[PDB]
């Protein structure tokens, strides 16, 4: 496989709604807490990333961040505004039935409280919520041809994602957080032309920074092998890829973010690939729930399960993009992404398939004097 090429002409129409009609599969979910949690303490991510120190330089004021996720149950501390529904034929993105988008939005822009130590990266941003994925709601129709890669649920989500990206760009978002990581085998390619075109439109026509989750391993998402040291022509292991992750693989047009744990090491669930560009805390996280109150778990069969995921990692980096955007308002998306990746805590070898250019360093990103670099990223 090669890096994807973009058909600039194939921008999809600015229309809401799912790719195919959906039905409910599961009861709507509600976040919860781990026993013996202490929300007076700062979340470990806030200390690790030096968020308080970073907020001396910017808060995200004047910046609008689009959260493309499972919807948001808004509150005063997570004051998201409706950005549309791409899962239900009638909705506005302000209904979180999955207990996910709400916590993503709060990591990006959650407001502080006198009664706990939680604050988002960029607490003065405007938040737009577009619901584009859901586990509670799924396509109801059976595929009429099991052999057609373009009728899989994955392909449908890629097509609806493409519309949501155009929609977010047109609503005036300057930063777009995409939680979706559509994974498919390299041997079973999906036609992503509308998605590549939507991304080019959002970034290069509307000037939006797009930050995306690297993806989590699971069913349907299998870890990529590491580069093969004997092929110097292919140091990032493009030829070794077994699983395409999209929109992750549109790097560096987008910034793809992997996850690290408290020990600063790459999370075992973080999807690796030659397109990964940065990393951020993505394990044992704290965020805010449906009333703007601190949560740090979702319910589970054997007990509550901590907040983990590369989408929360991307959220931290989206929040940082918003901080950089306030502080440096004339930088283009490529230049904002350059400040974020250049100032990152780089791994051995400079870059790798797990953390990309390394874990983000908000204070360095807001203060280091570096060359701005080119206005636009090179794309095929």
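Residue numbers count along the first chain shown, from 1.
Asker: Which has the higher mean CA temperature factor in the PDB entry, 26 to 34 or 345 to 353?
Answerer: Mean CA B-factor is higher for 26 to 34.
Asker: If you take the mean CA temperature factor per stretch, which one wins between 188 to 196 and 271 to 279?
Answerer: Stretch with the higher mean C-alpha B-factor: 188 to 196.
Asker: Considering only 85, 81, 145, 96, which residue's Cα atom bears the greatest B-factor as recorded?
Answerer: Reading the PDB entry, the winner on C-alpha B-factor is 145.
Asker: Looking at the C-alpha B-factor values in the deposited entry, which of 164, 222, 287, 179 comes out highest?
Answerer: The record points to 222.
Asker: Splitting the chain's C-alpha B-factors into thirds, which one does residue 324 fall into?
Answerer: Middle third of the chain for residue 324's C-alpha B-factor.
Asker: How does the C-alpha B factor of residue 228 compare with the rest of the chain: lowest, middle or highest third?
Answerer: Within its chain, residue 228 is a highest-third residue by C-alpha B-factor, going by the deposited values.
Asker: Based on the entry's values, in what third of the chain does the Cα temperature factor of residue 250 lie: lowest, middle or highest?
Answerer: Ranked within chain, residue 250 CA B lands in the lowest tercile.
Asker: Looking at the C-alpha B-factor of residue 60, is it in the lowest, middle or highest third of its chain?
Answerer: Within its chain, residue 60 is a middle-third residue by C-alpha B-factor, going by the deposited values.
Asker: Based on the deposited C-alpha B factors for this chain, I'd like to know if residue 366 is in the lowest, middle or highest third.
Answerer: Answer is lowest: the recorded C-alpha B-factor places it there.
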